[PDB]
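Visitor: Any chance you can model this:
(chains A, B, C, D, E, F, G, H, I and J, ligands or ions: 4)
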Amino acid sequence: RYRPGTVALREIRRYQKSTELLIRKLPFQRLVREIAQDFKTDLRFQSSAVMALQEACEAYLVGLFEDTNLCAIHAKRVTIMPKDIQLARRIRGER
Amino acid sequence: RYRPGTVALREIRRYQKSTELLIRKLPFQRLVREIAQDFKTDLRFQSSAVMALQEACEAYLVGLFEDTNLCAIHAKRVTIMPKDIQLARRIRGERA
Amino acid sequence: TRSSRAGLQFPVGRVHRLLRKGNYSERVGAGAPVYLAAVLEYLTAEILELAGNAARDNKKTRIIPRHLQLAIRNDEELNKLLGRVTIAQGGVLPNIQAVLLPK
Amino acid sequence: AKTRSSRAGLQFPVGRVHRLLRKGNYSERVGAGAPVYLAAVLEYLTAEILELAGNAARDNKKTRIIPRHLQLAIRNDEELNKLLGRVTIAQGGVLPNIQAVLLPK
Amino acid sequence: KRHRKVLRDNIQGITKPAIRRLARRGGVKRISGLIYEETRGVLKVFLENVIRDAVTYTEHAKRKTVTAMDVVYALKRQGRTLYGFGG
Amino acid sequence: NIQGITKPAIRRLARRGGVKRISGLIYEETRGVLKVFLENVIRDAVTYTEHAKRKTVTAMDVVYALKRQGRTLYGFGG
Amino acid sequence: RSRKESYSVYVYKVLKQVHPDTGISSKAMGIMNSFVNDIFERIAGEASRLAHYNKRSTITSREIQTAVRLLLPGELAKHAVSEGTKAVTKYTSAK
Amino acid sequence: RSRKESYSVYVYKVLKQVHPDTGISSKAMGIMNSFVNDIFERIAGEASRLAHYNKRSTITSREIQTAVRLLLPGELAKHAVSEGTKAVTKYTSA
DNA sequence: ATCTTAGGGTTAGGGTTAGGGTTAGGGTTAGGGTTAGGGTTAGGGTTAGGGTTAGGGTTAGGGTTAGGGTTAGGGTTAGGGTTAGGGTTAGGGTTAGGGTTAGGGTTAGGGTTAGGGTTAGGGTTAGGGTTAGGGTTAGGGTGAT
DNA sequence: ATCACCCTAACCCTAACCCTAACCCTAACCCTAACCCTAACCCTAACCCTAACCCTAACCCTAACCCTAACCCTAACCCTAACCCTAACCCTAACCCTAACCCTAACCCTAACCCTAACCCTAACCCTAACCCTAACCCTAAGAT
Ligand SMILES: [Mn+2]
Ligand SMILES: [Mn+2]
Ligand SMILES: [Mn+2]
Ligand SMILES: [Mn+2]
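Guide: Numbers count the residues shown, from 1 in each chain, chains lettered A, B, ... in the order given. Ligands and ions are numbered 1, 2, ... in the order given. Structure data below:
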């Protein structure tokens, strides 16, 4: 049995060292068609159009988790909380 | 004698409801010409060019003090520290 | 005038000249300056409305930049549209963080 | 020499650059020197990126430059990182960095 | 030749393990329980904004198919310029 | 001249920013941040002045620099 | 000297139309002119790119349309598109 | 179909001059072409505005140069201006 | 809360400035009419996205133990804040010179237009190497005795 | 502080897939000539910037005091990591078809070119109301009984 934080630190090193997408492709494609179709019906997506979106989302989210962690560390915490995501988005001017 | 944090809160209300520039015009104009000479010698400035810069600086700084305070409050503090200005500037993407 | 024909105060004539002069495209449609002048006039009207109301509130008759600032930052949509713009002599909106407020 | 790229001593296409400037709606006219200067700047910067990326390909033991390499090269150079600061390299990944505060005692 | 399937609750497709992985690349040591629904909220807003603009481009092109370029053009607008999918 | 932007002038800017209390190290940090802001804007403004083959930095040169910096200013000509 | 343009004449007209008993300061008008120029460029530039993307040599009311849809807010774009379509229709009516 | 342009041919040339024993992936080249196009439009657009501001119809090497000076980091800009001035001079010679 | 204390918005007075009603003519925009091509038509190829079948194995969902990080407390030090009084330096009030920006005219040449010419490079096919994925290998650092 | 076991890193090679060198043919850039309006020179107006003087007085700084916020340490809970296993559902390589895209031939009207014409808007002036500046005033909490 590993101590709490060990597998966690190992995971950071694992995923930081790679490029593979981290969300599953079909669940993500469904979310895209859902959101899109519920703005304009009978839309088609080029396979790459969805991939371009997924790359964008994950790049966005990972960079947000960076600022989020900076905020949790700022408040002398180790664990990220909604108030950190919120402050990062506030300062980023996303509101 | 007013309690610590009373004149301070009153000051926020004063300057928040105001628009006048808060830096003195001549000390500011000097800083501008100083920085400029370090860029190109014998430069002239239109009166308005300096005013445009001052308006820009103060607008920038006030908005930075807003994010800074948000950071101080985030860390359960009331008073702003360099680490707050730094975090505001990092998340703003001004800093690394 | 073309502005008269479209029922606008804003200049259709000028807008057309600024579009082809401005290096946006080889050609400009007959409707493009009309639609643009209309949008520009609408947004001018929207700002002047809220600002004039804020000027009215300040016991004032003339709109000053403060009024434009209060109007812009109090509207969610104008604040978004002019979110990365600074109104010279505008000031800030009054807002004290509740955490700072006394006991 | 015969191509305009040959005359300017460039690998990048002066010919194409001129066409793209004219057909891109930037100005009524384009100077003879403008596409030459631009092709040169574009070629310089691609040489600068390819240099650092090829070096990172060589460390990761690879023969071929993949987007990871372009990402490591971009984000490890202060100036390229600034130039491409609001750009996303698809399949680039992140730079490895754990905050020292998180590290064990 | 006939009717498609209704699409609902697909934000739950962005699972807790998938969200953890994104936080690990972001270099996060520990994750609160409320983070998962919050990331879902933030991701939905991000996609709504991008897809809205992409679909506006598709529509302008008088097309039914959202292309990689439409997504690329949308991201550039959002100030999230993407390399690799054309342009 | 960087010391011309005094501790009281900096406190006023923090009050408009809605700050209740200010650390002692803030004054020298604001000075650092303000100098960077001006260096960046004036550098670009002077680059415009220079392109115009002018000696005099105009309001427009400052306006053009700010737009570039993504700090668009309303009221100085453009 | 040399001639200087302005939206002054129109801003005053539109003001006389919304607030017939309200005036405007030299600086407030400065801000109004700065505002008109910024949005003109924002829309004209977006429309310039739209025509370009779609390999089309002309900027039409359709390019202005979707630029407004891209640049304006949730409800302002709704009304601006209405006011624009209204102006064009009225113009097409009057020779 | 319809023909599609690319900086592929040149990126490969500039790669061989720099690292003659290194290759490039289909995607990495995708990123390189995206890079060339972005900076082309960043410089061309800035130069377009410069000529506009100064009431000039033409974009010259002078508009390209101050655009580079405005958009590039200090030292990249320093070398790009050198690289550029060199190319123009050589071109004017030939 | 009830006691004195400051200060800031309130009322009214009457000064100063700059809004906005005004003059003229300059240059912008409009209605004439010709000219050319961009873009609107209908059509077919032809690519390709959506939907389907298929399977199996990764990856997920859910509950379980307990570490160990989060957040309340109290109790220490000192850092900024109020207030004060001496006093540097800022802000107008109001001069003159002259380098600067630049209107405007004369003229040359750089940048465009044109069609034929041909060379570069896009899109085609295809052989072999670099990378990938499955087998065990050892050391490596982890966390219990 | 010693030994156990889970891990990643890294060796082996077999494995495929993607790179890059080949083919060629299509299409863009290149050469040339005459084209013109831009931007180059030139002189020199009339603009506005900097330079130097004055008078306090609003404003900054040192050095008065004590409030209470920040920081450390501790010890309360309980949130959230790590691990296990079952079964969904993703990924995979297929299959197919038709809507969707877009080529490329035909056509016409929209858009630009030109000139001259009225007509709008800029630059200017000058008046006067809105706003500013000052002193006395009530409201309104502020800190201590
Ligand atoms: Mn502990
Ligand atoms: Mn102290
Ligand atoms: Mn020539
Ligand atoms: Mn090829």
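Visitor: and the closest residue to chain D within chain C, what does it touch?
Guide: As assessed by C-beta to the nearest C-beta, chain D sits closest to residue C:23 within chain C, at 5.4 Å. Where C-beta positions appear, they are placed from N, C-alpha and C, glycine not excepted. Residue C:23 makes contact with D:25-28, H:48, H:52 under the criterion C-beta atoms under 8 Å, 6 or more residues apart in numbering or on different chains.
Visitor: Residue C:100 now?
Guide: Going by C-beta under 8 Å, 6+ apart, residue C:100 touches B:5, B:9, B:12, B:73, B:78, F:18, F:20.
Visitor: Among those, which lie within helices?
Guide: B:9, B:12, B:73 (DSSP state H).
Visitor: The nearest residue to the last one once chain neighbours are set aside and residue G:73: what is the separation?
Guide: Closest residue in space to residue B:73, ignoring its immediate chain neighbours: residue C:99 at 5.4 Å, by C-beta to C-beta, 6 or more residues apart in numbering or on different chains. The spacing between residue C:99 and residue G:73, counted by C-beta to C-beta, to the nearest Å, is 30 Å.
Visitor: Which one of the two is surrounded by more residues?
Guide: Remark: of residue C:99 and residue G:73, residue G:73 carries more neighbours, 16 against 12, as counted by other C-beta atoms under 10 Å in any protein chain shown.
Visitor: Work out for me the element the spatially closest residue to the more buried one that is not a sequence neighbour sits within.
Guide: Spatial nearest neighbour of residue G:73, excluding adjacent residues (C-beta to C-beta, 6+ apart): residue C:77 at 3.6 Å. Residue C:77 belongs to helix C:76-81 when assigned by DSSP states H and E.
Visitor: Could I get the CA-only coordinates of that helix as CSV?
Guide: Extracted C-alpha coordinates of helix C:76-81, given in CSV (Å, rounded to 0.1, in the frame of the first residue of the first chain):
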residue,chain,number,x,y,z
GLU,C,76,-23.4,43.1,-18.6
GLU,C,77,-23.3,43.1,-22.5
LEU,C,78,-21.6,46.6,-23.0
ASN,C,79,-19.1,45.7,-20.2
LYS,C,80,-18.3,42.5,-22.2
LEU,C,81,-18.1,44.4,-25.5
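Visitor: Which strands and helices lie in contact with it?
Guide: Under the contact definition 3 or more C-beta pairs under 8 Å, 6 or more residues apart in numbering or on different chains; DSSP states H and E, helix C:76-81 sits against helix C:32-57, helix C:65-74, helix G:76-93.
Visitor: Spit out the contact partners of the residue nearest to residue G:19 when sequence neighbours are not counted.
Guide: Distances taken as C-beta to C-beta, 6+ apart place residue C:52 nearest to residue G:19, at 3.8 Å, with adjacent residues excluded. Residues near residue C:52 by C-beta under 8 Å, 6+ apart: C:63, C:67, G:15, G:18-19, G:22.
Visitor: got it, and residue G:74?
Guide: residue C:77.
Visitor: how close does the residue nearest in space to the middle of chain A sit to residue E:45?
Guide: In chain A, the C-alpha nearest the mean C-alpha coordinate belongs to residue A:61, at 2.9 Å (C-alpha atoms, centre = their mean). Going from residue A:61 to residue E:45 by C-beta to C-beta gives 12 Å.
Visitor: Then residue A:88?
Guide: To residue E:45, residue A:88 is 14 Å away according to C-beta to C-beta.
Visitor: okay, those two: which has more neighbours?
Guide: Counted by other C-beta under 10 Å, residue A:88 and residue E:45 do not tie: residue A:88 has more neighbours, with 24 against 12.
Visitor: So which bits of the helix holding residue C:77 are buried?
Guide: For helix C:76-81, a neighbour-count test (16 or more other C-beta atoms under 10 Å in any protein chain shown) marks C:77-79, C:81 as buried.
Visitor: So the helix or strand just after that helix, near chain A or not?
Guide: Next helix or strand after helix C:76-81 toward the C-terminus (DSSP H and E): strand C:85-87. No - contact of strand C:85-87 with chain A (C-beta under 8 Å from any C-beta of the partner chain) is absent, the minimum separation being 12.4 Å.
Visitor: Show residues contacting strand C:85-87.
Guide: Taking C-beta under 8 Å, 6+ apart as the rule, strand C:85-87 contacts B:55-56, B:59, C:65, C:68-69, C:72, F:71-75, G:31, G:38.
Visitor: Residue E:60 contacts residue G:51, correct?
Guide: No - Residue E:60 lies out of contact with residue G:51 (C-beta atoms under 8 Å); the separation is 9.6 Å.
Visitor: okay, and the common contacts of those two?
Guide: Residues touching both residue E:60 and residue G:51 (C-beta under 8 Å, 6+ apart) are residue G:63.
Visitor: how about the spatially most central residue of chain E, what does it touch?
Guide: The centroid of chain E falls nearest to residue E:47 when counting by C-alpha atoms, centre = their mean (3.5 Å). By C-beta under 8 Å, 6+ apart, the residues touching residue E:47 are A:31-32, A:35, A:53, A:57.
Visitor: switch to 10 Å and redo it
Guide: A:28, A:31-32, A:34-36, A:53-54, A:56-57, A:60, E:11, E:54 (C-beta atoms under 10 Å, 6 or more residues apart in numbering or on different chains).
Visitor: Select from those residues the one having the most neighbours.
Guide: Neighbour max across the contacts of residue E:47 (other C-beta under 10 Å) = residue E:54, 31 neighbours.
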